[PDB]
Amino acid sequence: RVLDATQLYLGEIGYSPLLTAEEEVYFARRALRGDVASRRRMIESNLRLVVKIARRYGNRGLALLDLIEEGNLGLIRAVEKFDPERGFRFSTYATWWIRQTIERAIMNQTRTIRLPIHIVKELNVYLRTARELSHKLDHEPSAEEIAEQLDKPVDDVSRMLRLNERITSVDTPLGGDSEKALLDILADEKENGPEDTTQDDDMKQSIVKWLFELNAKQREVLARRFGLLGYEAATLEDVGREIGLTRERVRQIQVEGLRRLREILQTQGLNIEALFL
Amino acid sequence: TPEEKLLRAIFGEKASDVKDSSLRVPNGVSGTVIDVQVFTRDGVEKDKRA
RNA sequence: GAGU
DNA sequence: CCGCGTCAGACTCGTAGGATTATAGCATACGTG
DNA sequence: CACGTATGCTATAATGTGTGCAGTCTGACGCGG
């Protein structure tokens, strides 16, 4: 049968009767009182207005159905805050709430990276200003030309235009040819290299061998303090407390062990110096 | 890594704030630089070469 | 655009 | 049967980066140094 | 208190969508009337 979401929804809204002013006022008095039925009937009678407005605001923000739902949410706020006693029509009041809610929704949801309202609205004034500038300059405006117009920092303008940089999909295939996407080219920069992984093995293992060259006392002090062969980087007090009370002696043996390693390096450092790239 | 902690303690050589992203000749291409062109934004202090 |  | 739908349709190489729009204006509200 | 982010309200009437494309390929194998 008829399986479009949109068509179904529009049909359902169609089958609710439109209200006159006096009717709206009567209903709405009872709605503020909390009639339930009254609220429901006013909402449903005025859904068609929502769709008329969402039709306008759609275009490129979001799906029509998405706009319709957000619009409905605005309409509900309007029904909650309507004043029947004031002579102004409901549709006039509701229009404000519906437009408001739709716009706020499209300021948030539209952007993959959620941009705060303040930033978004700032950025928009930069845009509208750019448009006026471009009309009269014949040329689309520079960052500094827009900044000179606003009497503001170029850094501000630049940062905002950077945020406006819209996303590219990683899956989008490249070159007008359904050959291969961005993912196919894009490296993992963090993940080195069997080269790099094997070099860390080599490094760590060369340090073990070097540590064993030194005295049993120096090697143990270095191992425990660095957290190298131990588990935790034991502080001066921890290492001293487990061995030799003198916290000061840990510093002494440690620094002594580093200087013996310097000797090994000046002798056999011919391997160590090549660790500098 | 604890190893580099120990090593940088030994040599001092505390590693600096700046890295290295210099543009270099792609490997096995080789030739003569015949022209250079520089583009700076409107506000940033220009290079001496520019 | 290059061999199939 | 007829008709409407879903499913397949060679292998490596190449080139090059890249597109669009627009969301008011102001006052209060919530969380961090 | 301030700075960054959020939530909020506005009152002439206005009350069922459309829009941007798709271009029709092909021989086979199943699935409700």
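Novice: Please provide a residue-by-residue account of the overall build of chain B, values included.
Specialist: Per the secondary structure count, chain B includes 1 helix and 0 strands. The globule rule puts the C-alpha radius of gyration for 50 residues at 10 Å, and the 19 Å found for chain B is more than 25% above it. By principal-axis analysis of the C-alpha atoms, chain B measures approximately 45 × 35 × 15 Å. Across the 50 residues in chain B, those meeting the buried criterion constitute 8%. In the structure as shown, chain B presents an accessible area of about 5200 Å², 50% of it carried by carbon and sulfur atoms. Where the 9 positive side-chain charges of chain B centre and where its 9 negative ones centre are 1 Å apart.

Novice: Could you give an account of helix α11 (residues 216-226) of chain A, naming the residues involved and the relevant values?
Specialist: Restricting attention to buried positions, one finds in α11(A) the residues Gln218(A), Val221(A), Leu222(A), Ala223(A) and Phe226(A). Its buried side turned inward, α11(A) meets α10 (194-213) and α13 (247-268) of chain A together with α1 (2-11) of chain B. Positioned one or two residues after α11(A), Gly227(A) has a phi angle of 85°, which is positive.

Novice: Any details on the environment of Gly257(A)? Residues and values, ideally.
Specialist: All names here are of chain A. Inspection of the secondary structure assignment puts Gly 257 in helix α13. On the basis of relative accessible area, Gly 257 is assigned to the buried category, the value being 0%. When the C-alpha atoms of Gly 257 and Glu 220 are compared, they prove to be 9.9 Å apart, with 37 residues separating the residues in sequence. If we skip the residues at most four places from it in the chain, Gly 257 touches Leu 214, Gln 218 and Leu 222.

Novice: If you had to explain the protein's contact with DNA strand E to someone new, which residues and values would you point to?
Specialist: Residue and element names in this part refer to chain A. Near DNA strand E there are 34 residues, and of these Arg 55, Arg 77, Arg 89, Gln 100 and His 118 occur at the shortest range. In DNA strand E, atoms within 4 Å of the protein come from the sugar-phosphate backbone in 42% of cases. In the model, a base oxygen of DNA strand E is placed 3.1 Å from a nitrogen or oxygen of the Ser 45 main chain. Secondary structure elements with two or more residues in the surface near DNA strand E: α1 (5-14), α4 (47-57), α6 (90-108) and α7 (117-137). Residue contributions to the surface near DNA strand E peak at 8 residues, all from α6. For the surface near DNA strand E, the per-class residue count stands at 13 nonpolar, 11 polar and 10 charged.

Novice: How would you summarise the interface of chain B and chain A if you had to cite specific residues and measurements?
Specialist: Listed per partner, the contact involves 12 residues of chain B and 21 residues of chain A. Along the contact surface separating chain B from chain A lie 0 salt bridges. The interface formed by chain B and chain A contains 1 residue pair in polar contact. Classifying every residue of the side of chain B that touches chain A gives 5 nonpolar, 1 polar and 6 charged.

Novice: Can you lay out the side chain of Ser45(A) for me, pointing to particular residues and giving the numbers?
Specialist: All names here are of chain A. Of note, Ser 45 is situated in helix α3 (residues 37-45). Among the polar contacts listed, one links the side chain of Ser 45 to the backbone oxygen of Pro 17, at a separation of 2.9 Å. Look past the residues within four positions of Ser 45 in its chain and what remains in contact with it is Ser 16, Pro 17, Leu 18 and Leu 19.

Novice: So what's going on with the packing of α10(A) against α1(B)? Which residues, and what values?
Specialist: Where α10(A) meets α1(B), the closest approach of the two axes is 10 Å, and the angle between their N-to-C directions is 60°. Relative to α1(B), the element α10(A) is oriented oblique. α1(B) is crossed by α10(A), and the crossing has left-handed handedness. Taken together, the residues of α1(B) that come into contact with α10(A) (itself represented by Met203(A), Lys204(A), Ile207(A), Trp210(A) and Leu211(A)) are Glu3(B), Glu4(B), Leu6(B) and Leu7(B). Classifying every residue of the contact of α10(A) with α1(B) by side-chain character gives 6 nonpolar, no polar and 3 charged.

Novice: Account for the UniProt feature "DNA-binding region" in chain A, with residues named and values stated.
Specialist: Here the UniProt-annotated "DNA-binding region" positions come out as residues 236-255 of chain A. Between the C-alpha atoms that bound residues 236-255 of chain A the distance is 12 Å, and the span itself is 80% helix and 0% strand.

Novice: Give me α4(A): which residues, what numbers.
Specialist: Residue and element names in this part refer to chain A. Among all positions of α4, only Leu 47, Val 50, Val 51, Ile 53 and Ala 54 are buried. Buried residues belonging to α4 abut α1, α3, α5 (64-80) and α6. Looking one or two residues past α4, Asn 59 carries a phi angle of roughly 75°, positive in sign.

What counts, and at which threshold
- Residues numbered from 1 in each chain as written, not as in the entry; some residues may be left out.
- Chains lettered and ligands numbered in written order.
- Part of a larger assembly, values for the part shown.
- Heavy atoms only, no water.
- Helix = DSSP H or I, 4+ residues; strand = E, 2+ residues; numbered from the N terminus.
- Rg over C-alpha atoms; globule rule 2.2 N^0.38 Å.
- Buried < 20%, exposed > 50% of the residue type's maximum accessible area, 1.4 Å probe, protein only.
- Areas by Shrake-Rupley, 256 points an atom, 1.4 Å probe, with all protein chains shown as cover.
- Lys, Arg positive; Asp, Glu negative; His and termini not counted.
- Charge placed at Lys NZ, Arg CZ, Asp CG, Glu CD.
- Contact = heavy atoms within 4.5 Å.
- Near = heavy atom within 4 Å.
- Polar contact = N/O pair within 3.5 Å; in protein donor to acceptor, adjacent residues only side chain to side chain.
- Nonpolar A, V, L, I, M, F, W, Y, C, P; charged D, E, K, R; others polar.
- Salt bridge = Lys/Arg side-chain N within 4 Å of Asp/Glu carboxyl O.
- Axes fitted to C-alpha atoms, helices over the stretch in contact; angles between N-to-C directions.
- Parallel < 35°, antiparallel > 145°, perpendicular 65-115°, else oblique.
- Left-handed = near helix turned anticlockwise from the far one by under 90°.
- UniProt positions renumbered as here; feature names shortened; annotations may be inferred.

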